[PDB]
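Peer 1: before I ask anything, here's the sequence and the deposited coordinates:
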Amino acid sequence: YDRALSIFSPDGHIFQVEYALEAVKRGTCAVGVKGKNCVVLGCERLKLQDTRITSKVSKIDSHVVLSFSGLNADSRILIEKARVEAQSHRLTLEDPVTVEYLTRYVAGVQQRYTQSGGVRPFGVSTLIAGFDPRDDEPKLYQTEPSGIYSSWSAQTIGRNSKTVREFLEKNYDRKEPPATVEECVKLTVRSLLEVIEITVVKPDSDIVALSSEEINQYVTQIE
Amino acid sequence: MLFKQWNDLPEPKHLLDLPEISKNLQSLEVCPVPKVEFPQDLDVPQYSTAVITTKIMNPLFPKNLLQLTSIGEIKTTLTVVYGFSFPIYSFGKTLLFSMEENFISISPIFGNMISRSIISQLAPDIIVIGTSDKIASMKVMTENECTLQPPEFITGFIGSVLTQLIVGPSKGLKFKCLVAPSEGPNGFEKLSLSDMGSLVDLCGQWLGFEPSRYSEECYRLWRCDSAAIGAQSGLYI
Amino acid sequence: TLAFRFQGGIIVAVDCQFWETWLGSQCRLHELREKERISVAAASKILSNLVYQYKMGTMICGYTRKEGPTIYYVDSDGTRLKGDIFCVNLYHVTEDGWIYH
Amino acid sequence: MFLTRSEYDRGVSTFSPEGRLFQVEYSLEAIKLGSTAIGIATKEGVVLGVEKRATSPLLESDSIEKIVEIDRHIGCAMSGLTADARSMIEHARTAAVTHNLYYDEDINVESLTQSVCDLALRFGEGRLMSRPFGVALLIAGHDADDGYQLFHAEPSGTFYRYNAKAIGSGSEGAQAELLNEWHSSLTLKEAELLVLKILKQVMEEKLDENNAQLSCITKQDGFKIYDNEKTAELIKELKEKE
Amino acid sequence: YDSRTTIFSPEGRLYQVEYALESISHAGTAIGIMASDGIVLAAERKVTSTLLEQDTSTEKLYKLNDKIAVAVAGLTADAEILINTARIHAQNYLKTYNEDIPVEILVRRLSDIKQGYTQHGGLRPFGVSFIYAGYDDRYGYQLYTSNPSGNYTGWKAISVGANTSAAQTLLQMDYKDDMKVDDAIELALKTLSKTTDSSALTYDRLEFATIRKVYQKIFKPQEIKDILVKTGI
Amino acid sequence: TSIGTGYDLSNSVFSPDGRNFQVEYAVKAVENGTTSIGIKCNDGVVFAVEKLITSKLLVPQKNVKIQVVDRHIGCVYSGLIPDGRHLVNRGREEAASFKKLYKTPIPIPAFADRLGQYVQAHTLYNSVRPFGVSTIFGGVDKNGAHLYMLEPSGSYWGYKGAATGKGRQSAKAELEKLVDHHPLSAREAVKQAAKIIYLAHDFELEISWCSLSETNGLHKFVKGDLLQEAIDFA
Amino acid sequence: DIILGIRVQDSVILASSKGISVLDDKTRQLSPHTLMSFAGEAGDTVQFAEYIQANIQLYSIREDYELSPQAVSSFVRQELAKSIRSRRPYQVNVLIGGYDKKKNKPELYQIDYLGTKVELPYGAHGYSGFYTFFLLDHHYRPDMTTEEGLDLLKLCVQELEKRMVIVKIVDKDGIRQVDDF
Amino acid sequence: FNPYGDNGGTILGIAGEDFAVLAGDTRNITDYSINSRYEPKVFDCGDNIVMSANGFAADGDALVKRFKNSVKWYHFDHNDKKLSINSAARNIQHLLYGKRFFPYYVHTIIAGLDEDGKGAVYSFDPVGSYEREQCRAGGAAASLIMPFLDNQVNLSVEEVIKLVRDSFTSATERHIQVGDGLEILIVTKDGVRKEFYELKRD
Amino acid sequence: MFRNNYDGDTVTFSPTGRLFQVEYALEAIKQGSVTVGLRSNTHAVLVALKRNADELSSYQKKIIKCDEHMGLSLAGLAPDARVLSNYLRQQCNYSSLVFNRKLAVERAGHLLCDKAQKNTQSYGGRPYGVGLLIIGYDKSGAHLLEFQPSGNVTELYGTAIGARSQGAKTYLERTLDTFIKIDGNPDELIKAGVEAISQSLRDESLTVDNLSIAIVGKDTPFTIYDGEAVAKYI
Amino acid sequence: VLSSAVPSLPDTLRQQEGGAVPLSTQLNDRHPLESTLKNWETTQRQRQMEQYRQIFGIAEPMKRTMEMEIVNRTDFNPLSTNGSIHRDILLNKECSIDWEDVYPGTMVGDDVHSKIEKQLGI
């Protein structure tokens, strides 16, 4: 039952699809936090590496962002397909892609690749964040190799996910979500220290990658 | 489908896909062995008869009619670690066991020892209800009468229980055994609607329930939704 | 026929049958998949890209939470253009829908 | 008479002795993993109720959608592998909309479930999919030919007209109680309470407006998913009556 | 779980791709160093026989395009198909934009191709890893490497192939960011000499190229000998 | 060696001895069918079958086992039912096509070759299984009577007398004696064919024949007095 | 349908002429420092302009880099020629004006309906292509500055309307809208 | 090659207050030569539906043939339920509209009872477009029929059948292609009734 | 034991010549509910015992009409019955459009035979798990065809397929001499059929809900009696 | 490729053809020899199979086509448009040249994964 996608285990779940998730758990950690009007994405990062030609957070559009965990090679291709769809939708239609639409398409591609025994499903779980065009409601979504996409207030995928998804669960209150850029950033940083690069996306296609996070690290570390 | 894959050749059938107790396949030492903790506070003499079953036959013992109630559970553990516990039930003067047999999560070794403990602590009128993939039709059996033809046999937990009633310590206990034909791995056996009718209306003879009322209760529990019926309610016309 | 935009909404006064009928089918699917009403810009864009592929002076009007009151004319040759004033029985359009006057 | 491995279950096209197709039967085991979904058909409208099964508190339970609108008088509740369901719902939506375009008439839900089952049937000859669907859905809708009706569509390709049906985890318990409690004169209001009462027993966690959502089919209102406020009131009324 | 490349093992790892990486570990070491004013590519010609035409037998270093070159480690047969694809893809960009293709884009396309072969049952992974050295206006001199898995990483000085760990360690201790192309050459010679399994590092076993000032010069064996003695190897 | 374990689980595979065991297994399926024989006469051919009656519910007139591929060709098979009827229809298609194009009834040797290629084509690839029927067929054409017998392997030959099914060794032994004793008229063979079936053997006897003289080259069944006479002789 | 282009010493000035009455026709912003103006058949010409915008935008997102105006002009030329291969040619005229940040110099390109690319100091199409060269050639100079260019454009436009426009400028500051024709 | 012929004739549909009527002549024509004197130009498709496609016969017979097949498929899919007039109208539109760039040259009319029981008549443009109409005529002598009726209508199913008789009798008098026989189909909740009357032979 | 190695698919013959994978498909019919078919000279009747998934579920449809003159019943896998029945209906309608002939009952059963026998020869696909009982009345007269998934179609006076169908078959054989002579009496013929299916029952009794009856003849187009209309025959 | 957002329009961007400008309705005016020449080889092959069917029976065309499908479907090389070496032998074109061989004939949609999806119809 383990060696095929088209075979159900006697207990009723496809093992091969599950095995793709453990590949994600082996990947680098990714984090995402939804503020009242902003979304923050944090990621887990040798001596001779060329750091000037490397960002684990790749933007699919001016207003949409996509982090990932798992096999980097698969992600680089899944990102490309999403980028083409974003422009194709912007071409066939006039409005930009809805955040829910992009994750639905990306999940469909992952789901599509599960529909044959001659194809390896993408061992990557995406963490899509952004704002709907002309909207101020932050939206964060997560996709899995199985093709299931979900909307999360805060999620972490990859290496050390359960430990980080437990820290967020107790420190993040759905009824008391952070209401400032600093507050969510501090939570994301504090989330990553339990084991730095931080990206902040704000409405109206205002995406900025933070620099000098040491201030938050120094502030959080003291507390 | 123009061709069959060259690489798709089954692994030899002599080996079963049983759960792996320990990842160390290269272990060259005596493996640890399970323990079974039968609760000592059970007043067995109060019960004149005892029923040993696996979970797939639960619908034959309705909570709604029999007034089933718990008395406790057996505990089993294994270090390498694994821990499983199995409730004990009774109704009237009858002591009942259901092991929650599983092919993937539970290895047969656990069932073997539970068979040891159950028989080592019950050695009442033993009733064994089971299933087998190697029997063409339903079989009624006892210690002094065998109905199986040479080709057929019984495996799994019910084989474990029957083994102790026949051979090993405490052999010779009087027992009445009922096995219905089924298919599938341990813990997922499926029974045909014909078997279910033949099954309730026969075990009712020994257990002594009002056959029509007992059948009416059982069919609802059999057919509405159960692991034994599966897709057979809608997969067939 | 004519239509114009104003603070209170939009005023409208007075093959093509199916294409509009068929377009009503697509917007239903879009209204379902995305669970939100298709915007006027999209609806006009869909129609514009089609009349082009099959070279019907259709017009589109609507009122959306974000888009607001907009009027789009689609020429039979595929020309799509926004319009504050359109001229070529009165209707009034609001966020709750149209009203028959 | 030796014990040997049997491979009548691994393959999907492999018959076992007595003619059992196991891979289809294993597909039903996947449904039991899905969240519980309840549906009761009666006069004044049909009612649907689904356990949302929040994986974690951070998950947006307000966005978990186990009930989807196919036609303005038809609603579908799904349980199992939601990834496979999206394929079926999209086909169902297209067929219902296509029928209106071709006949200017609301699609008969009895015909709609037939179309959907023709898709789940596609693992064999109508093939488009390698394995049977791991999702079993529950269609509730009203057509002005047969009245308020509820249909259960198994992945095997067979649909049954159900007065009351429960699928997903704990379905065996739910069905047993529905047999004790359902009756012809069951009004809509008590059916909504009944659905919530059934969810109380089989839902492993506390019943709350945040993890359970109801829906109903009515001729005047059509398919509508109840707001969190109304479900809280019904849950409040339910525990008061208990 | 390793009979085919489309199967995930219970640990969520692709054994077939891992075996491809292990294959490169048995190939001649290729080392690339980026200097402040150019790049250096060197490779150990493992397949050696005095009857072999040491000249006009470039097997490790190939020219994808002006201002771009690749050092090949692993199956030489697999490389030629990818290399020709890269050459075609580089010219298409020029035919399309009239601009020399950036190195990053070329590496990205090749890695995507290699990734696809790890995602199809009938295609086995390319048992080859490249070291791309090139120059473009966006980033100037840049150095890359790519694996059979189809993932690439930027580097200042990277060694691929056999004894990569030993060679990489030497680079870390000696690599100064402000070196010249010359100093990169001595370091490239130095790293290989201490890493090769051969008794001595002779020219016939060795191959070289360099991109600097922009001219790329694949060294003929005559001058490879000259630089070798100049360095004292 | 009759099992060939290891080389018998797939089709189009040569065993170390050069045998393809899947084809050999298909032969054994033929050997379990009702014995059927075919006798070649000087003026035609005769077919006989031991149709084992299963139940009275079968319609006697519509329960016919001696198929007629074409007006001038008779076909009888032993083995798997799905393959036998599948082959007959395909053979029926070929006969019609040849008549359609060349406006003449298909010759028996040509008809056999077309069937042989189709049957043999299923022994080439592992996605298909060899037909599990040995088909006795024959008729009359410009060159006279012809009796052919193709095996699951696709091999076919012309025969003076053929037999198949479970009752094969006995029928063939007696069939050899008939040829040795009378090296037949269409009339005489019908009686002899009935005799062999009864010797080979609840079963009913079905007989058909096609001869130039007594049926002007057409294939007809045995009924009424002729049948009873054959039973009386047997 | 008139489109104009003037390449002043530090910017490029693009101008365009406007049943349905409004109160940005024949133009598309391919990049922050690149602007594309087109004229020709209605419909067949806008889909091409929309398609080009998507591809250039797609490249910018993919590389996170600003494609140079020269590369953009070449891409348009190939796509326009590739479009005409399997159909009858359509009247289209495209002006690509952009500021090359890498070279810190403005650039203007003209592409005809057949897919031929010209680098120009100034260009025009339509009714403006019959006389306006008589004025621009006499008055245009290389070192002309932006503010001077719009006097020339205001001058030029004046002759256009005598025998008979929305104006945008591309500079190091990016695209800029103008009311002073 | 010209793929399109002509057969002449005329059809008429009237949507009574409760009943519906569809009438047409029986004569088939090709360039002044009478092909036949009795060809049924009006058909009954069941479900209280009567259909008639005037103009090119080979286009008309195909359209009714496909429509009849669609009705049978509709019965199978919808538990043999009756096909509403509105449902049939849109179904025919898709059939007609499915051949735009090579369309039927037929001005077809379907008559029947809408859901509430009132008379229904739908006339289809050759490219599919249809509209509900109280009364409609199509064909060669259509222009000679509608003006006369409009005087006398703008009524039971026995006094309109008088006007249709006179209307076609007037058309046959001055028009040569008008047939030598009149077919009338009457649709009511009772069912469909066929009536035939004779006209001038020449 | 040895059967496990050779029952993997419908392409491997066992060493004894058995083709197991298609034997199981025939055995799948026993899972289905019993249906009984019988015919007289002028009338043919189908009787079926429907089953419900649960007491809250409607009884599954088991009898289908391909046209006004013939229909069929189902027993075995639901998905296969869906495919075969509608495929057959696709053939009833096809002939009329191009040719305007009623597709004869005999042709209807045989065009489906080719469909089933292909699945038993190729890899990937599986033999159908559904058996059909087709009844109709055409120029020739009454017809009753039993289609097995192995591509075996038999003309029958009466038969029964499904779970415990042996009992009904025994009764029909014991009463073949009687119900054939029930000509011009549709009511009596159905009563014989209802009695025939009654012997297959074990626990469940006849009810207006579960029972379905169909009949067709010269004066009776295919009609299905279900619900309250079945009370009289019980 | 139809647009994902709307399954009724060609995906102008993913279908790199020079914009939506090459619209569907306009690919009707064609060179007189284009249609005949594009599928000339197919017509000859099918005609050849028909003669085999008429003479050698349906078995021979079935064997010929099954072999070709075996070769074509088992051959997947997304880095080469050249025909398989064994394809030429079966077609008997192993010692023949044609303009289709001499002249065998983008950043977006020419990737390998595009052919993987089309090869498997995934």
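Peer 2: Looks like it arrived, so ask away. Residues are numbered from 1 along each chain as shown, chains lettered A, B, ... in the order given.
Peer 1: which neighbouring elements make contact with the host helix or strand of residue F:29?
Peer 2: Counting by DSSP states H and E, the element that carries residue F:29 is helix F:21-31. When contacts are defined as 3 or more C-beta pairs under 8 Å, 6 or more residues apart in numbering or on different chains; DSSP states H and E, helix F:21-31 packs onto strand F:73-79, strand F:133-141. The C-beta positions use only the backbone N, C-alpha and C, and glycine is treated the same way.
Peer 1: looking at those, spot the one closest to residue G:69.
Peer 2: Among the helices and strands packed on helix F:21-31, strand F:133-141 comes nearest to residue G:69, with 76.6 Å by C-beta to C-beta.
Peer 1: just give me how far the closest one sits from the chain centre.
Peer 2: Relative to its parent chain, strand F:133-141 has a centroid offset of 5 Å by C-alpha atoms, centre = their mean, to the nearest Å.
Peer 1: which residues touch the helix or strand that comes right after that strand?
Peer 2: Per DSSP H and E, strand F:133-141 leads on to strand F:144-150 as the next helix or strand towards the C-terminus. Applying C-beta atoms under 8 Å, 6 or more residues apart in numbering or on different chains, the contact partners of strand F:144-150 are F:38-45, F:108-109, F:112, F:115-116, F:119, F:134-140, F:156-162, F:164, F:211-212.
Peer 1: what are the phi and psi values for the residue sitting nearest the centre point of chain B?
Peer 2: Centroid-nearest residue in chain B, with C-alpha atoms, centre = their mean: residue B:54, separated by 2.8 Å. Main-chain dihedrals, residue B:54, degrees, to the nearest 10: phi -100, psi 160.
Peer 1: do you know how far it is from residue F:63?
Peer 2: Using C-beta to C-beta, to the nearest Å, residue B:54 is found at 48 Å from residue F:63.
Peer 1: can you give me the neighbour number for the closest residue to the residue nearest to the centre of chain B other than its chain neighbours?
Peer 2: Distance criterion C-beta to C-beta, 6 or more residues apart in numbering or on different chains; nearest residue to residue B:54, sequence neighbours excluded, is residue B:101 at 4.3 Å. By other C-beta atoms under 10 Å in any protein chain shown, the residues close to residue B:101 number 25.
Peer 1: next, the angle from the helix holding residue F:29 to strand F:133-141.
Peer 2: 70 degrees (axes from the mean of the first three to the mean of the last three C-alpha atoms, to 10 degrees).
Peer 1: continuing past helix F:21-31, what's the next helix or strand?
Peer 2: strand F:36-40.
Peer 1: can you tell me which residue of chain I sits closest to chain A?
Peer 2: Relative to chain A, the nearest point of chain I is residue I:124 (11.8 Å; C-beta to the nearest C-beta).
Peer 1: helix, strand, or coil at the closest residue to that residue other than its chain neighbours?
Peer 2: Nearest residue to residue I:124, sequence neighbours excluded (C-beta to C-beta, 6+ apart): residue B:1, at 2.9 Å. Under DSSP: H, G, I helix; E, B strand; the rest coil, the three-state class of residue B:1 is coil.
Peer 1: contact partners for residue B:1?
Peer 2: Residue B:1 neighbours (C-beta under 8 Å, 6+ apart): F:127, I:122, I:123, I:124, I:125.
Peer 1: so how far is residue H:177 from residue H:58?
Peer 2: Residue H:58 is 18 Å from residue H:177, by C-beta to C-beta.
Peer 1: which one's more surrounded, these two?
Peer 2: Neighbour tally, residue H:58 and residue H:177, criterion other C-beta under 10 Å: the higher count belongs to residue H:177, 20 against 15.
Peer 1: what's the end-to-end length of stretch J:9-24?
Peer 2: Terminal residues of stretch J:9-24 lie 10 Å apart, using C-alpha to C-alpha, to the nearest Å.
Peer 1: is any residue of that stretch near chain A?
Peer 2: Yes. Stretch J:9-24 is in contact with chain A by C-beta under 8 Å from any C-beta of the partner chain, via J:9, J:11, J:12, J:13, J:14.
Peer 1: which outside residues touch that stretch?
Peer 2: Residues outside stretch J:9-24 that contact it (C-beta under 8 Å, 6+ apart): A:84, A:87-88, A:91-92, C:46, C:49-50, C:52-55, G:44, G:47-48, G:50-52, G:54-55, G:58, G:79-87, G:90, J:1-4, J:106, J:108-110.
Peer 1: up against chain F, what does chain J have?
Peer 2: J:53, J:54, J:56, J:57, J:58, J:59, J:60, J:62, J:63, J:66, J:70.
Peer 1: please indicate which of those residues are buried?
Peer 2: Among the residues of chain J next to chain F, the ones that count as buried by 16 or more other C-beta atoms under 10 Å in any protein chain shown are J:53, J:56, J:57, J:58, J:59, J:60, J:62, J:63, J:66, J:70.
Peer 1: which of these lies closest to residue F:230?
Peer 2: Relative to residue F:230, the closest of these is residue J:57; by C-beta to C-beta it sits at 35.8 Å.
Peer 1: assumed residue I:73 was part of a helix.
Peer 2: No. Read with three-state DSSP, residue I:73 is strand and lies in no helix.
Peer 1: my guess is it contacts residue I:37. True?
Peer 2: Yes. Checked against C-beta atoms under 8 Å, the pair residue I:73 and residue I:37 is within contact range at 6.7 Å.
Peer 1: of the two, who's got more company?
Peer 2: Neighbour tally, residue I:73 and residue I:37, criterion other C-beta under 10 Å: the higher count belongs to residue I:37, 30 against 27.
Peer 1: and that one, what are its bridge partners?
Peer 2: Listed beta-bridge partners, residue I:37: residue I:46, residue I:159 (assigned using DSSP bridges).
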